[PDB]
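Heads up, the thing below is written out as structure tokens.
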Protein chains: 2
Amino acid sequence: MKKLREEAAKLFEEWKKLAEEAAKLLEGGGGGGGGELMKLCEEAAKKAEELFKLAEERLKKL
Amino acid sequence: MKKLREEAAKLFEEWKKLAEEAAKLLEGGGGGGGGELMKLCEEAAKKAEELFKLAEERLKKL
């Protein structure tokens, strides 16, 4: 929440955002073989989330 | 490359795309503690890439 650092926080905001739509759309009726298979797609938000947690430490003051 | 399935291929196209800009921007001057730390961000394209490979099998005809 400084001024230029917080700008990086928003960057990750879109990463998890697109994952929401791309998720419901992905299985919207294109191809389904296994649950774990598609799980790799949602994992994108899982990883970015882990770092997104500490990313706030250097960005804002939790 | 069917008609509706290929639509899912483009979805992943943006995932790896944003990762390109968000990468150079992330380290544009916001915070740097460790290499592996930021590596978690680029990993997003690594995972989506793995599935993006086979995703073409059910989509188009490689």
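We name chains A, B, ... following the order of the structure tokens; residues begin at 1 in each chain, and ligands are numbered from 1 as shown.
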
- Which chain A residues are at most 7 Å from chain B (counting only C-alpha atoms), as a ChimeraX atom specification? /A:4-5,8,11,22,26,30-31,40-41,44,47-48,51,58

Output C-alpha atoms for every residue in that selection, as a CSV table (one decimal), in the first residue's frame.
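Result file follows (selection09.csv):
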```csv
chain,number,residue,atom,x,y,z
A,4,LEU,CA,4.4,1.7,-6.6
A,5,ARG,CA,4.7,-1.6,-4.8
A,8,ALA,CA,2.2,-5.5,-8.1
A,11,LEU,CA,-1.3,-7.9,-11.1
A,22,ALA,CA,-11.5,-19.7,-17.6
A,26,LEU,CA,-13.0,-24.6,-19.8
A,30,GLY,CA,-15.1,-28.6,-24.6
A,31,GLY,CA,-13.4,-31.7,-23.2
A,40,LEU,CA,-3.7,-28.4,-13.2
A,41,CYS,CA,-5.5,-25.4,-14.6
A,44,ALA,CA,-2.4,-21.6,-11.4
A,47,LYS,CA,0.6,-21.1,-6.7
A,48,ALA,CA,0.1,-17.4,-7.3
A,51,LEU,CA,3.2,-15.9,-3.0
A,58,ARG,CA,6.6,-6.2,1.2
```

- May I have all residues of chain A that DSSP, computed from the backbone, assigns to alpha helix (DSSP H), given as a PyMOL selection string? chain A and resi 6-26+35-59
